[PDB]
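To start, the structure itself, in structure tokens.
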Amino acid sequence: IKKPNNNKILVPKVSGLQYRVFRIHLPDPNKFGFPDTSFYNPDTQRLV
Amino acid sequence: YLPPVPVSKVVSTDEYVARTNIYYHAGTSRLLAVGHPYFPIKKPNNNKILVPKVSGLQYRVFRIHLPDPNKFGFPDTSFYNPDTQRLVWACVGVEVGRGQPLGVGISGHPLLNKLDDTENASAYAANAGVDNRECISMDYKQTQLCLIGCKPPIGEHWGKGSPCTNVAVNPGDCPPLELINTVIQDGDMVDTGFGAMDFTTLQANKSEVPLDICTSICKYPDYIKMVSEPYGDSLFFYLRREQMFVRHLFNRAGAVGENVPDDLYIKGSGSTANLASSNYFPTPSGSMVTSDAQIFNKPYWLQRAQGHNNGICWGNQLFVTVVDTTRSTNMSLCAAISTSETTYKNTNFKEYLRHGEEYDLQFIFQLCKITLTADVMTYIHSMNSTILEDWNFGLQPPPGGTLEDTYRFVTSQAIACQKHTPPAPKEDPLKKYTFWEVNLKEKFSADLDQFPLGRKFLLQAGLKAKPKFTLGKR
Amino acid sequence: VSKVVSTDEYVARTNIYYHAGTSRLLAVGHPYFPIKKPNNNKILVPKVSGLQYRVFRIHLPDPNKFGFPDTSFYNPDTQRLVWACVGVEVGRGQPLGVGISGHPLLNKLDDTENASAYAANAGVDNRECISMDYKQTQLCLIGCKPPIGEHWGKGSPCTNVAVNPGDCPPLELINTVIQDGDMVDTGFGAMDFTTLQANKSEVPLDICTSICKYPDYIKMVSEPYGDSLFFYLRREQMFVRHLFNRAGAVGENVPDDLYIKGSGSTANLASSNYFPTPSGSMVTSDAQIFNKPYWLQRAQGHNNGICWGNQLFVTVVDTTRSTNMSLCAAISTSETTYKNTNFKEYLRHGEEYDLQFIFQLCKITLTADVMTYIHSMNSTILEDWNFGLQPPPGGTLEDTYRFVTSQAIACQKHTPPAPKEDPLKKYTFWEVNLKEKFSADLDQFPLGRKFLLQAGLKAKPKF
Amino acid sequence: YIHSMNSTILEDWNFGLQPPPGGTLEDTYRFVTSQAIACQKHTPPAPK
């Protein structure tokens, strides 16, 4: 749905027939704080 | 239980806090500000602001935050269960960079209340006509100062009071005055040395002061009051420099509010039967600036402070405000409306007034923990209950049952948006106030040597563990 | 935030088991609408159909009042006793058959499945008498907190654009407690037609006024203690049948670029709106979820079958028995020539439920954490127990007697206000009392011995 | 092997120039705006 003169959408077109993509970010675990992190070195390695 | 009670032992922070062994740096480079010194520009019909009024005469607040102490990464954390111990950042050291060349600005008013110049006068004054007010500017008091703490700054200023009703309310009477303490907001006008008060309300003439200070309310911070904080958490440190001197000698022009009792002099005659305005006011003048006048651009180191707070940022929260008079020089330029004619036209060129601004934040930080006991924690409760919230204390009591919690679904919805467009739960108690913000939470580094400042921090206390590249001799 | 734990931590399981159960629950009523005296507001017949939801509230007497053959195994001071719900049954005796519903005026244009020519032009009030079958469904709900449903609904629009009559109202997602008598989805989705459908003819009678709702397993299971439901099962199915059109003024025209302009008969766009005809499928004896024992061991929530406040909930809904028997009475028995004027027609509907509940007995020790932890969870629970004190007051009172003696001492006693116990008293729904029916032996009951058989260890006297 | 697989991966780590030194060593961060006046910070395109 959009305003008849306008090009701007009034309502988004939605139906279950539409595909759905989901993008999910994670924060870099190499910035994180595990209750114990000493099990690794942040120099020679990283975490994924 | 033991100890958040009755007594007065007025806990000093550094006992319950423990200092970790690890440090960090983060920061933005810099910022800008430009603008017109005298007045802002908004769309004349609309309320939308095209250009603001900007000067070094504007106090600049600074508020930044750091993320959850319990979500953020350490090479060695073994020392804690975050449920056994809460955590906080600690502020060891701070730096104020200022990058623009140094020069003096100025401001004034096209109609200023003036009688005449009695600095040197060979003759008695004249009679006042209709609007003798003049166009004059003045050099503002040379100043630098610094304010940093975990709680917002507090200034003080005069304001018109509410006179007890005995004597009449009669117009022309002297309005009442009283002291006013208030939170300092960004964009406020720095007092020129004319006193912290409201020129708008208290001075009806409105021509008494230059445009910059004409409308608004200048304030000055009360250290006493602030340092009177028995926590000290207002600000845990500061320094200032200010200097000024006299330039010219003036007089007010207007009706005499309260006349001089004649017993103070001998009755004149002719011109001397009349009495010239008894009201003098000086012309304040800023002085020479020196390369020493910069108090900035040098690393500060704060170990112990007046309050009990030692550099602790509560609610993940930190405050800064600074004043520079040294860069006050405003850049001016013109726009030629007619680009053709070769003969000068005063009408041809539209002048403009702008100013530069530049800052730096390079922040040391230290890490700290809290052994978690209502033995203390309730004193935190006692101290401030706002930290009861974002912190969950790993518990409400040592058993610590959850809230039968609120988890909401709002994340995206049906075009309703009173599920908030309006403000969300909690609050900023300062939200009504207006002042500056930046997010630094992306700027941390697990290694120090990366940056210019830190090695001074290093070279300051030196280095125990000294980074080795196994390069050079083996 | 110190994070709720598994109830099987502090609770201890006892060695004793009990049973009680109702005689039965049957029903009679009219499926389509309730019956009332025409002038009066009082109901002559309550509206009843299988499509109506059913809620079951079951009290238990406080076991700490219930003397055991040997009571010595616990201290009533330091502890309490709480019932645990091991296993559950749902009896259904009706012969299995499908009901049905319709409406005499149904918004419709024409048949869209096959059209040999373009339709006619919309007149005034083309609604028709048409009926359909609702989706087949079976589900079961068990827990100590009321079942939480959800539905669509009208919310307050933004205030920017002025709403003209006939505008699209915004939509809202709304939870509420589930009330008995409420209606299953027909495949029209949970919402209030009454608000969002002015036509009132867009659906068959039964659901027209009410608000169909549906359980949201997420938010339900989202509970930290799971006490909404610790267990459930569900079965449902549907398929398409007919394809129709809404008949009425087009709310929003289709952008032309999505088609090519016609002419003549093709100049006018036929109604864009379609709605499906939902159709129940073949029922089977197999997929019946009832008349079979259940055995609870684990529950998604940390609550394991613990019924707080002597309180236990059952929500059961099925369409399988929806059969509506039709009957006819004769106003005049004389004439042998039949006349449709001679017979009045009536609709009544049967329902049949049954309940049999195992229960396990359970004790709780104390300490402070537990006390706290419960008092954290729901403090009202301790109220019905005897722990929480709460010192009593009182100094002095002046009785002045006597008052009807009309020499005036002040006017008087104002303190009824707290018989109030059920906070949900606003919520009406089906009620049953078991408190009398406990017994100490499974053996005498049909259901129980299975409990024995399952866990084995047939212990009985000698003869 | 990783750099073979997808090299852009190393970029987001601290990682990104050949055995361990560091850095993309031209100048990094800049911000020109505070209030609405003239060319906004978004007059240049978003580089990342």
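Positions of Cβ are generated from backbone atoms using ideal geometry, with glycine treated the same way; all protein chains shown enter the neighbour counts. Coordinate-derived values only; no laboratory data.
Looking at the range B:298-327, which chymotrypsin sites (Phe, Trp or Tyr not before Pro) are DSSP coil and have at most 15 other C-beta atoms within 10 Å of their C-beta? Write out the running numbers ahead of the final one.
Details: sites: B:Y300, B:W301, B:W314, B:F319; in loops: B:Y300, B:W301, B:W314.
Passing sites in the range B:298-327 are B:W301.
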Using the alpha-carbon centroid of each, what span in Å lies between the range B:338-354 and the range C:199-253? 73 Å
Past the 36 angstrom mark, what percentage of all C-alpha to C-alpha distances in chain C do you count? 48 percent
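Largest first and in whole Å, what are the equivalent-ellipsoid semi-axes of chain D based on the Cα gyration tensor, each being the root of 5 times an eigenvalue? Let's see the in-between values first.
Numbers: eigenvalues 227, 36, 9 Å².
Its equivalent ellipsoid spans semi-axes of 34, 13, 7 Å.
Relative contact order of chain B: what whole-number percent is it, with Cα pairs under 8 angstrom and at least 6 residues apart? Provide the component values of the computation, followed by the final result.
On the way: 841 pairs, mean separation 152.8, N = 474.
For chain B, the relative contact order is 32 percent.
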For A:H25, B:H109, order by how many other beta-carbon atoms lie within 10 Å, fewest first: A:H25, B:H109
Could you work out the relative contact order of the range B:79-237, using alpha carbon pairs under 8 angstrom and six or more residues apart, expressed as a whole percent? 26 percent
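Per residue of the protein assembly as shown, what 222 nm ellipticity follows from adding -39500 (n - 2.57) for every DSSP H run with n ≥ 4, rounded to the nearest 500? Don't skip to the end; give the middle numbers.
On the way: 14 runs with 82 residues, N = 1033.
Roughly -2000 deg cm²/dmol at 222 nm, from the helical runs in the protein assembly as shown.
Filter the trypsin sites (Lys or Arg not before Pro) in the range C:179-273 to those in DSSP coil with at most 13 other Cβ atoms within 10 Å of their Cβ, and list the result. Walk me through the numbers on the way to the answer.
Details: sites: C:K200, C:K213, C:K219, C:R234, C:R235, C:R241, C:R246, C:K261; in loops: C:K200, C:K213, C:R246, C:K261.
Passing both the DSSP loop test and the Cβ count: C:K261.
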By what distance, in whole Å, do the Cα atoms of the protein assembly as shown stretch along each of the three principal axes, largest value first? 138, 103, 88
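Using a 10 Å cut-off around each Cβ, can you sort B:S412, B:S285 from fewest to most neighbouring Cβ atoms? Mind dumping the intermediate values first?
Numbers: B:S412 6, B:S285 15.
With the sparsest Cβ surroundings first, the list reads B:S412, B:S285.
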With Rg from the Cα atoms and Rh as the Kirkwood inverse mean 1/r over Cα pairs, the range B:296-363 has an Rg/Rh of 1.33
Loop-located chymotrypsin sites (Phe, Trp or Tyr not before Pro) in the range C:197-286 whose Cβ has at most 15 other Cβ within 10 Å (DSSP): C:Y259
Over the range B:217-340: Kirkwood hydrodynamic radius from C-alpha pairwise inverse distances, Å: 21.2 Å
Evaluate the relative contact order of the range C:235-354 (contact order divided by residue number), counting alpha-carbon pairs under 8 angstrom at least 6 apart; express in whole percent. 22 percent
